[PDB]
Ligand SMILES: Cc1ccc(C(=O)c2cc(O)c(O)c([N+](=O)[O-])c2)cc1
Ligand SMILES: Cc1ccc(C(=O)c2cc(O)c(O)c([N+](=O)[O-])c2)cc1
């Protein structure tokens, strides 16, 4: 439950379905190690990336392949991707929802962080 | 130049040009009194709505005709308009820029408030 | 299920809890008739406002009392409220989520509209 | 003036002043090559990063040091930075304005791309 990614389309007012998402964690030697990946479901959500026990303190990067999503709709968007980089679990375990709202020339992202 | 409105298009990545904007001030009977109006320029900006002397404290409404903008582009919009309601000049005269970033099914608005 | 309102706080990265929401529908004589109201729960969501059968075609207004939310946190925000006005069910019944992401001097809103 | 970056603060309702911004171009080996850098002015804008001749087609990254900005304000931020990655000049030279609207737990970015 501790990391969920949600992607919405601001053109159609819909979930953004089948969007690829890759998560990385920064290693002690400062490289980015692959951590998890998946694609958004029919609801625009990607669940099941990690576990409380695996999701230790660290700096995480979430890269959302927004360009492929728009190109499959015939659009050449501005951004190559949307990346979110954040320190997690620095004050103890938390649940993180990373949400992204997509348009061809803009995106917004927010974090909802809760303490279970 | 105490009040400026700027409108941007997140689909095209451009200013939102020729968008109609109406400004109201709340009357004592809580109805909306017409104040100023205009259309955005080629830069997406609308200047010259009021003066220092006329822009006194009060609650103001800015209505942006987003639906007409998207219809003119042949794109289906969700909202009937975008309205921004705010109390002006609470703590001395300010310069206000009201910016709106438009997508068909979402919009954002921010205020940039600087002290002359 | 057909109308849900969700409110998030972009300062704390959290649901916006206990936010008052009033919904209105435009009558045939062009006045706004109260339709439903409620406040957001612990998850930032407000469920149970209406039913498929009551939620007929029409122009609806959702007014979110963002100013009281910020004032209870000690903040004097820019906006008096966040209002969302939209035509619903014009092409047949749909489910609508109206989401608002709040900051003291900005807000975003999106609609997620699905066909059940 | 082909590239300008503008940063705004959604908490204060102001330009985000003195924000560090670094621009990179993707090298043939897929590493990021340093390109230009600066800090936002009192208007929240950063001008003068490049020239027409130097800003050739390529994939560019703009990294905005949002975490340092919020720490300087004494406000806890979520993100380590905000990055914008885009392919420039695909269809002839453009003027790009990259705007970012910052909150502690959310940010938005849009591109305003106009043709000289
Ligand atoms: C909510 C929101 C988000 C992004 C923009 C936005 O992209 C923008 C672009 C500009 O060139 C500009 O000059 C301003 N402004 O000063 O307010 C805003 C405008 C509104
Ligand atoms: C304008 C805007 C941008 C981002 C969010 C947003 O972060 C968000 C988060 C959720 O968990 C969620 O379920 C939804 N939703 O379905 O609408 C939106 C909400 C509003």
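Residue 1 is the first one shown; counting continues down the chain.
The backbone N, Cα and C atoms fix where each Cβ goes, and this holds for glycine too.
What Swiss-Prot lists as L-thyroxine binding site is A:6, A:45, A:108, and the listing cites experimental evidence. Reduced to three states, the DSSP call for residue A:45 (L-thyroxine binding site) is strand.
Just so you know, the Cβ of residue A:89 (N-linked glycosylation site) picks up 16 other Cβ atoms within 10 Å once every protein chain is counted. Annotation comment: Swiss-Prot describes A:89 as N-linked glycosylation site.
Remark: residue A:1 (sulfocysteine) has A:52, A:95, A:116 as non-local neighbours, by Cβ distance under 8 Å and separation of at least 6 in sequence. Under DSSP, residue A:1 (sulfocysteine) is assigned to coil, being neither helix nor strand in the three-state scheme. According to Swiss-Prot, the sulfocysteine annotation covers A:1.
The 4-carboxyglutamate annotation in Swiss-Prot covers A:33, and the record cites experimental evidence as its basis. If you take the C-beta of residue A:33 (4-carboxyglutamate) and look for same-chain residues 6 or more apart in sequence within under 8 angstroms, you find A:24, A:25, A:26, A:27. In three-state terms derived from DSSP, residue A:33 (4-carboxyglutamate) belongs to an extended strand segment.
Residues annotated as phosphoserine in Swiss-Prot, with similarity to another entry given as evidence: A:43. Note: residue A:43 (phosphoserine) has non-local neighbours A:15, i.e. same-chain residues 6+ apart with C-beta under 8 A of its own C-beta.
Within the same chain, the residues at least 6 positions away from residue A:108 (L-thyroxine binding site) whose Cβ sits under 8 Å from its Cβ are A:100, A:101, listed in sequence order. Each residue contributes its Cα atom, and for residue A:89 (N-linked glycosylation site) and residue A:6 (L-thyroxine binding site) those atoms are 20 Å apart. Of A:6, A:43, A:108, listed as recorded positions, those near chain C by the criterion of a Cβ under 8 Å from one of its Cβ atoms are A:108. In sequence order, the recorded positions near chain D (CB to CB under 8 A) are A:108, out of A:6, A:89, A:108.
Proximity to chain B, defined as a C-beta distance under 8 Å, is registered for the following recorded positions out of A:1, A:6, A:43, A:45, A:108: A:108.
DSSP assigns residue A:89 (N-linked glycosylation site) to coil in the three-state reduction, placing it in neither a helix nor a strand. Every protein chain shown contributes to the tally, and the Cβ of residue A:45 (L-thyroxine binding site) ends up with 17 other Cβ atoms within 10 Å. Residue A:6 (L-thyroxine binding site) counts 21 other C-beta atoms within 10 Å of its own C-beta, drawing on all protein chains shown.
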